[PDB]
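Contents: one structure, followed by commentary.
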Amino acid sequence: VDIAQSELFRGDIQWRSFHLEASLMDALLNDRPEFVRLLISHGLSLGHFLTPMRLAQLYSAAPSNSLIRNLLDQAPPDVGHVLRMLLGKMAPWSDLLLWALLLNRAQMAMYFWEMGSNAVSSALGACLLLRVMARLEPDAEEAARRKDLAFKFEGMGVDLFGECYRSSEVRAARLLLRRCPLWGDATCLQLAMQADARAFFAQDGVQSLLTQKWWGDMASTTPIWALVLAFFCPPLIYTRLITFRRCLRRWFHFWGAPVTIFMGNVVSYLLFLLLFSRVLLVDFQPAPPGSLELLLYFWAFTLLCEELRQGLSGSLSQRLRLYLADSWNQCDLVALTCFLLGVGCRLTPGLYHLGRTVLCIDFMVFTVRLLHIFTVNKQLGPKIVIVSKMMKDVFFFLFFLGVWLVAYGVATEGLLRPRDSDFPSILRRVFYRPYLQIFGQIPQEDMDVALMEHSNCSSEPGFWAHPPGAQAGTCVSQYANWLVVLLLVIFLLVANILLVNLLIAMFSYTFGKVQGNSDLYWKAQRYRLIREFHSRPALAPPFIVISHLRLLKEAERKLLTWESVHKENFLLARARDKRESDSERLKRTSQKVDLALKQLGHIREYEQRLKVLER
Amino acid sequence: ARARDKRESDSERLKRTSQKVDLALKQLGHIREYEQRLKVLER
Amino acid sequence: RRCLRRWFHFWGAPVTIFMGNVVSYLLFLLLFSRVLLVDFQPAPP
Ligand SMILES: [Ca+2]
């Protein structure tokens, strides 16, 4: 391009818009980024240039049997349909940006986004489109390039918004994010959530906005103890303790805040568990259910209704699979399913014990759900995410332990030759007994012959000893008992020491490695938690039934200009820093010295002629 | 590509730009020596 | 033939050979344990 700009665009040649339209098409079709930037920069009217026929020609230039080419074949560009079934379907710069992203041209989309209008929205939208198409690309190498470009687009979206937030917190946080653009008629946060743009949620501006939405109409600096006191003392909200008709508006603001909904839900869930335990341990009888058991049945029924409302209103198949995609929602679904089985079996005349048994296991699932609380805390949310990533280490330890238990367990059983020889008992002595030896339960009197008396039990040849244990067998062989003791010594060394300490080292390495990513993941998923509690009914699950029964311009242009101004300021600063770098400075100073050498040589040539002429 | 990157490195660029300036100094000295003779001859 | 080629391709794949060997090895261990714990007697095998 330097040769073309220096020679053709030195200004001597008078150009025209039509003289460059053909060249502009060629640069676009042949992936020439610096040229299209140069051609447009030379006073070319893009708006009058682009035509639907030209746009159709641009999309016809998809490279051979490309992924994008397949979508047009399945789908007159008709790109609207291609956009709809990609996203989900639940200004020439924008069109050019879409074309570049579909064709996976980095610098084209790079340049087009810089000239776009809704830069923050487009950057997140570009990241979403690239990631979903990268997952859909079978090339397995172009997808890597798509993910790279998606990371780049997420990059400036963070950088541009960070600059916008620093200038005007009110303008950037409130209006720029919570707005519906033409991209998908969805807020920038929704685009980031769908794109899983974790780095976008990591910045302080997004986090500060989320906290304000989380706290509703109350000050984000309100202490936790102040909230709890107001929760248990409703009149306390009408004092100076909480900082925000007048009385009704304040009342609804406090009880409509997502944090108070979370706190109210948490207290209700704890009471439900307490009621569940009381019924299970005491009030559960073969007789027809009592008053408390009926209350528990009603309480669980509303919990089922609330979970149904979340899934139904969270495109019926599209939202249903979205609701089921959350692990916690899966935990809720299985807990309610077991509860239904327990109630059905309990009411059955001949299945009372089975009904109680499954309910006890069902209580375990409900109690485990309580871990969702720690996701709210800033210092505990990352910890839970790391715990989820430790499962790979746990599985390795379990598989290693399982092999060792089988090897040691069967050999010890084979050497002892207990005369019980019963399949339930054999399994106990092979798996159960060695397992407890890991945790300090070593029944030496059940394997060491020296600790048990000698007796005659069977007519089989050899010597036998009578263990005192109930499940240790009637009598065991004592042919080579030193080996059984030796195997116990080796088993304790491998299991109690080597394997356990190995897992600790594996946990320590994993915790340090995934610490950063988990923090990003928790920050990204923090928006999902806030959105879920934002639309939840204001009442507690026991009382949520009544809520369910009740349930059944110039400013925009000014904001966009303000965003666009900050974009050009950010770009100019980045370019200025690039030009002011040492490497660029070394590049420039080399050019000037070369120019000095050429001019010096001209002086030398001038010197000889002048001296010769003078003589 | 490896050789081009080596030549485009800052250290190599510093090496080259030092050579050209040294050439400029030698040519400048030639001009200075030419300057004295021409001025003397003119007088 | 097409059916035979597909059949041999599946059962000739190294991963399926590994999976088939793994299942066989587990069965061998299970048979080994059953003989050792129960069927092992001083009588002829
Ligand atoms: Ca839920």
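What is reported rests on the model, the rules as stated and the sources as named; none is laboratory data. Virtual Cβ from ideal backbone geometry, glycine too; neighbours counted across all protein chains shown.
Could you go through segment A:553-567 and let me know if any residue there is assigned to a helix (DSSP H, G or I) and under 29 Å from the mean Cα position of the chain (by Cα). Yes; the residues of segment A:553-567 include at least one that is assigned to a helix (DSSP H, G or I) and under 29 Å from the mean Cα position of the chain (by Cα).
Exactly one residue out of C:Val22, C:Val38, C:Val15 is within 21 Å of A:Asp422 (Cα to Cα) and part of a helix (DSSP H, G or I), and it is C:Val38. Of the helices (runs of 4 or more DSSP H) that lie entirely inside segment A:305-402, those containing 2 or more residues that are among the polar types (S, T, N, Q) and not assigned by CATH to the domain that holds A:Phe431 span A:316-324, A:327-347, A:352-368.
The set of residues in segment A:54-65 being surrounded by 10 or more Cβ atoms within 10 Å (Cβ to Cβ) and assigned to a loop (DSSP other than H, G, I, E, B) consists of A:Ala61, A:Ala62, A:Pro63.
From the list A:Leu322, A:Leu303, the lone residue that is surrounded by 12 or more Cβ atoms within 10 Å (Cβ to Cβ), within 16 Å of the ligand (Cβ to nearest atom) and within 19 Å of A:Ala540 (Cα to Cα) is A:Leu303. Within segment A:93-128, being more than 28 Å from the chain's Cα centre (by Cα) and small (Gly, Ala, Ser) holds for A:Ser94, A:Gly116, A:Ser117. One residue is enough: does segment A:367-385 have a residue meeting the conditions farther than 30 Å from A:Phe284 by Cβ and hydroxyl-bearing (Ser, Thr, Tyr)? Scanning segment A:367-385 turns up at least one residue that is farther than 30 Å from A:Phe284 by Cβ and hydroxyl-bearing (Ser, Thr, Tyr). The condition of being surrounded by 15 or more Cβ atoms within 10 Å (Cβ to Cβ), within 13 Å of the ligand (Cβ to nearest atom) and hydroxyl-bearing (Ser, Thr, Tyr) holds for A:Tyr269. Within segment A:328-348, no residue that is more than 14 Å from every other protein chain (Cβ to nearest Cβ) and under 26 Å from A:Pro288 (Cα atoms) sits with its Cβ atom under 6 Å from a residue that is within 16 Å of the ligand (Cβ to nearest atom) and of a type in the set (D, E, K, R) at 6+ positions apart or across chains. Cβ separations smaller than 9 Å between residues 6+ apart or across chains give the following pairs from segment C:27-45 residues that are away from chain A (no Cβ under 11 Å) to residues that are charged (D, E, K, R): C:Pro45/C:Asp39.
Among the residues of segment A:279-296, those that are over 18 Å from A:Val368 (Cα atoms) and in a helix (DSSP H, G or I) comprise A:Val279, A:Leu281, A:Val282, A:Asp283, A:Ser291, A:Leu292, A:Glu293, A:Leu294, A:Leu295, A:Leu296.
Residue count for segment A:515-536, restricted to those that are away from the ligand (no atom under 13 Å from the Cβ), among the aliphatic types (A, V, I, L, M) and within 29 Å of A:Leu312 (Cβ to Cβ): 2.
Rundown of residues vs (1) aliphatic (A, V, I, L, M); (2) within 14 Å of chain B (Cβ to nearest Cβ), yes/no style:
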site	(1), (2)
A:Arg536	no, no
A:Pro541	no, no
A:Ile544	yes, no
A:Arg550	no, no
A:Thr561	no, no
A:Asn569	no, no
A:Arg574	no, no
A:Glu580	no, no
A:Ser583	no, yes
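The residues on offer are A:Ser277, A:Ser327, and the sole one that is away from the ligand (no atom under 16 Å from the Cβ) and surrounded by fewer than 16 Cβ atoms within 10 Å (Cβ to Cβ) is A:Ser277.
Scanning segment A:538-552 for residues that are in a helix (DSSP H, G or I) and either within 16 Å of the ligand (Cβ to nearest atom) or touching a helix residue (DSSP H, G or I) at 6+ places or on another chain (Cβ under 8 Å) (or both) yields A:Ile544, A:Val545, A:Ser547, A:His548, A:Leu551. Of all residues in segment A:1-53, those being among the charged types (D, E, K, R) and either under 19 Å from A:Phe112 (Cα atoms) or surrounded by 14 or more Cβ atoms within 10 Å (Cβ to Cβ) (or both) number 6. I'd like to know if segment A:249-259 contains one or more residues that are charged (D, E, K, R), farther than 12 Å from A:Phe533 by Cα and outside any loop (DSSP other than H, G, I, E, B). Scanning segment A:249-259, I find at least one residue that is charged (D, E, K, R), farther than 12 Å from A:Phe533 by Cα and outside any loop (DSSP other than H, G, I, E, B), so the answer is yes. Restricting A:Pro258, A:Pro286 to residues that are more than 14 Å from chain C (Cβ to nearest Cβ) and either surrounded by fewer than 13 Cβ atoms within 10 Å (Cβ to Cβ) or within 13 Å of the ligand (Cβ to nearest atom) (or both) narrows the list to A:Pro286.
Give the residue that is nearest to the other protein chains (Cβ to nearest Cβ), with candidates limited to residues of segment B:1-26 that are more than 17 Å from A:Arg604 (Cβ to Cβ) and within 11 Å of the chain's Cα centre (by Cα). If we take residues in segment B:1-26 being more than 17 Å from A:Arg604 (Cβ to Cβ) and within 11 Å of the chain's Cα centre (by Cα), then B:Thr17 is nearest to the other protein chains (Cβ to nearest Cβ). The condition of being outside the structural domain of A:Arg198 (by CATH) and over 26 Å from A:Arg319 (Cβ atoms) holds for only one of A:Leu67, A:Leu86, A:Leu97, A:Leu103, that being A:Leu67. A:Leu341 satisfies every condition listed in (1) away from the ligand (no atom under 15 Å from the Cβ); (2) within 24 Å of A:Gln190 (Cα to Cα) except (2).
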